[PDB]
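Below, chain A is the first sequence line, B the second, and so on; all start at residue 1. Just so it is clear, the values below take in all heavy atoms, side chains as well, and ignore hydrogens, waters and symmetry mates. Atoms within each ligand, like the ligands themselves, are counted from 1 in listed order.
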Amino acid sequence: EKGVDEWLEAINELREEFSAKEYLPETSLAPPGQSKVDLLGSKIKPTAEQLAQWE
Amino acid sequence: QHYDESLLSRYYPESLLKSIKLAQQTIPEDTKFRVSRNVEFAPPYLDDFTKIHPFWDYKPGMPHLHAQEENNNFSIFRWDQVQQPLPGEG
Amino acid sequence: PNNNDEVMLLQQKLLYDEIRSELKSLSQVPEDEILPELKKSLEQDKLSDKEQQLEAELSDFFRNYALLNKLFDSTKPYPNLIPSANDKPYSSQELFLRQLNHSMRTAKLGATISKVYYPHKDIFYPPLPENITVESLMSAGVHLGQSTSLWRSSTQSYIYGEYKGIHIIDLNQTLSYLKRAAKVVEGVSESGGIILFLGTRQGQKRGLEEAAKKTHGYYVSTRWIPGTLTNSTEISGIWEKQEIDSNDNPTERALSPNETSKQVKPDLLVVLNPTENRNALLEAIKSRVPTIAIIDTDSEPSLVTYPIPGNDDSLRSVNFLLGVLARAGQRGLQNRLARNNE
Amino acid sequence: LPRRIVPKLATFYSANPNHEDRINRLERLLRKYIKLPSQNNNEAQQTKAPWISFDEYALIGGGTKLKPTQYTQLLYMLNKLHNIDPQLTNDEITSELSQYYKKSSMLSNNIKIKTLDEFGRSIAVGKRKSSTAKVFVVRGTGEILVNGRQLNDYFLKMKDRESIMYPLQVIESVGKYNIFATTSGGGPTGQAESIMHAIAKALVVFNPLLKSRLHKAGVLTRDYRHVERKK
Amino acid sequence: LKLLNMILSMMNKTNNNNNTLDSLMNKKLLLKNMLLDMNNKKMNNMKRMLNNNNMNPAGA
Amino acid sequence: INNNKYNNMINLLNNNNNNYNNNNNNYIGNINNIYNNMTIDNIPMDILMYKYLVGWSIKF
Ligand SMILES: [Mg+2]
């Protein structure tokens with residue numbers, strides 16, 4: 001089952017990367033090529049009918 | 001958390017163990033205590049309430065609104081000194 | 001040669017954006033559309049030995065780094081730039097960074113500039129007192145005194161002549177007085193004394209702040225409170241003092257309230273505009289604090305310990321003289337820190 | 001080795017050494033990052049500027065010595081650093097600015113997005129004088145009921161009826177909704193305008209983009225006037 | 001298999017746009033994103049729990 | 001005192017002292033940890049008000 005094989009290879013590589021350093025959400029789970037996240041939206045997008053009425 | 005009588009009997013006086021046993025048989029271990037944000041019943045600090053403070057508690061034997069002694073069983077017969085000196089350094 | 005290294009990251013960065021974009025797409029879909037159909041599949045599926053591997057590997061992997069973890073603890077430049085797609089045109093931020101790249105390399109191709117005066121270099125690259133010439137003083141306008149109608153005749157001995165209705169200050173004397181004043185600043189700096197730079201004319205703050213910084217001294221650019229030295233306990237007692245070692249590093253020792261109320265008197269006062277700071281000069285006299293000041297043709301020389309004859313109205317002349325004094329202090333500070341090392 | 005006591009701040013001999021030291025720190029940042037462009041969303045008037053109060057800054061900026069103009073100067077430099085383009089900002093600027101943000105962020109907000117209920121109804125309450133109104137707005141065809149009675153029956157004055165219709169007339173949705181209004185207290189005018197206020201507050205859920213037009217028409221403002229005991 | 005079948009479905013949706021980095025590179029990029037969404041949830045819960053206790057015992 | 005209790009809870013939460021139940025209950029943990037270093041010997045006498053005479057006007 002390559003699906004379970006590659007998933008199980010992806011889960012253990014992640015374990016090692018997080019193990020290398022103290023696991024902190026902001027740092028350990030930063031975006032690719034990024035220093036760290038801020039663990040901090042409900043700005044609903046107007047629907048096409050809502051926006052048409054406003055226009 | 002519910003503690004075995006042995007542990008509780010090494011820290012609290014015997015007179016108070018019965019109250020602790022009855023409270024551990026009436027309050028389920030899975031009780032999710034909530035915090036009251038209207039009335040503050042407890043003090044702002046932690047206290048087991050097992051020892052009577054010479055200043056922050058009512059003086060034993062002194063008459064007051066919540067005195068539990070009978071009116072003929074008070075033990076304050078001298079009134080020349082302040083009954084409750086200030087706590088700590090004084 | 002090594003570009004692929006960055007390319008490998010960018011690939012992941014693009015993939016991450018794709019995963020996030022479609023994670024938000026599934027956040028809008030109602031659960032009724034996905035959940036029941038998803039569960040039904042499992043009701044019609046049978047876990048295999050391998051499937052079970054991830055059934056518990058992910059449970060622990062999610063019960064270790066998501067639930068039983070510490071949420072907190074008890075390419076660096078421009079790390080928040082949102083790069084644009086390789087097909088889209090440059091964003092405003094990228095154009096700014098693209099221009100900054102040009103500014104460093106190409107923008108200065110073609111010629112170099114020599115023998116041109118740059119105002120900022122008077123503050124950041126002051127000359128040493130031994131290299132100052134009459135020409136340099138004259139270039140800064142130090143020789144231009146006040147109108148002959150405003151002459152304070154007590155400065156007669158500093159005057160070289162009158163020209164175009166103003167008195168010309170003798171720069172030969174200015175240089176000798178400047179060197180003497182500079183040596184005093186260096187001595188006090190090398191001895192560990194407190195040097196205060198006072199100037200309250202518009203524009204002098206920048207020079208005053210840098211002079212204080214490079215001599216580890218102090219400055220006042222806004223207003224001299226009358227009584228700062230004679231009435232120090234009512235004005236400066238509240239402000240914080242600190243103890244420092246011979247290297248000017250804070251010792252960190254907490255100070256007794258007795259030590260924090262004692263007057264902290266400057267060891268040397270430098271005044272850029274003495275004609276508007278009579279209060280400070282008189283307090284310095286009362287407090288036995290030696291003082292240095294720029295003395296223009298309308299200014300009283302005897303009110304200061306070490307006068308420097310010179311134009312006090314031009315920011316260039318003032319900053320030129322201040323810079324020389326500041327570097328002299330810096331050399332004294334560097335000589336004191338060097339003797340401590342060896 | 002030898003130790004001496006010296007003033008902590010380079011601005012010790014100034015009138016307000018604490019304020020001048022803080023201004024100098026911010027001025028250094030504005031000089032080091034003079035080139036960084038500013039936000040173009042400033043034209044869009046981003047609603048973010050939570051700076052500490054004059055009194056809160058007086059704890060760190062000299063106390064009694066602090067002057068209002070000195071506080072104004074602090075805000076002009078805090079805003080300028082804050083308005084640097086977010087993409088091109090750096091940690092140094094943010095670190096310095098963090099100390100000057102109101103600590104109210106410690107806690108959270110008390111507002112939860114309003115949504116239609118299980119039956120598609122927007123429920124809002126309104127008050128005018130001593131009157132109160134609880135309205136149920138749903139998408140419909142312009143049917144209105146006041147306390148179970150026809151509008152012309154409950155409200156005899158046409159001006160009271162026109163007041164109720166005004167919020168729907170602003171969004172040009174008079175025939176797009178059914179309204180079930182329940183009102184109590186005060187008199188006809190208080191109840192009619194309390195219903196007017198409640199309909200306007202209930203219409204924002206159907207299209208939050210029309211709140212600005214409702215506010216501009218004046219139907220989302222609670223009328224504060226009440227009978228005043230003569231003093 | 002929801003624990004795993006929801007993540008497979010996520011990649012299926014991304015497969016729509018895809019219409020083997022996806023074997024190990026995308027698979028890892030997804031687990032990490034989920035961990036950051038499961039950590040923000042726990043952070044929000046802490047704020048609720050702290051706002052429902054008496055953070056200010058003596059004055060406020 | 002207010003910052004000593006907030007730190008106590010923040011630490012007792014970050015150390016984890018049912019995920020579904022981790023969205024409803026607000027019980028932070030043991031009473032001892034929440035009130036660590038807050039006793040009758042240091043809290044009461046420091047918060048008592050009206051403890052110092054600072055002014056007085058007599059008239060005859
Ligand atoms: Mg002059």
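Rounding to 10 degrees gives 90° for the angle at the Mg ion (ligand 1) between OD1 of C:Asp312 and OD2 of C:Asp313.
Within C:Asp296, the N, O or S atom lying nearest to the Mg ion (ligand 1) carries the name OD2.
For the Mg ion (ligand 1), the set of nearby N, O or S atoms under 2.8 Å includes one belonging to C:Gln146. For C:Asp298, every N, O or S atom stays at 2.8 Å or more from the Mg ion (ligand 1).
A salt bridge links C:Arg331 with C:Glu130: the closest approach of a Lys/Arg side-chain nitrogen to an acidic carboxylate oxygen falls below 4.0 angstrom. By the 4.0 Å N-to-carboxylate-O rule, D:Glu27 lies too far from D:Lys32 to be salt-bridged with it. No salt bridge links C:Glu243 with D:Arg4; every basic N to acidic carboxylate O contact stays at or beyond 4.0 Å.
Ring geometry for D:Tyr101 against D:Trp51 counts as parallel: the plane angle stays under 30°, on a 0 to 90° scale with 60° as the upper cut.
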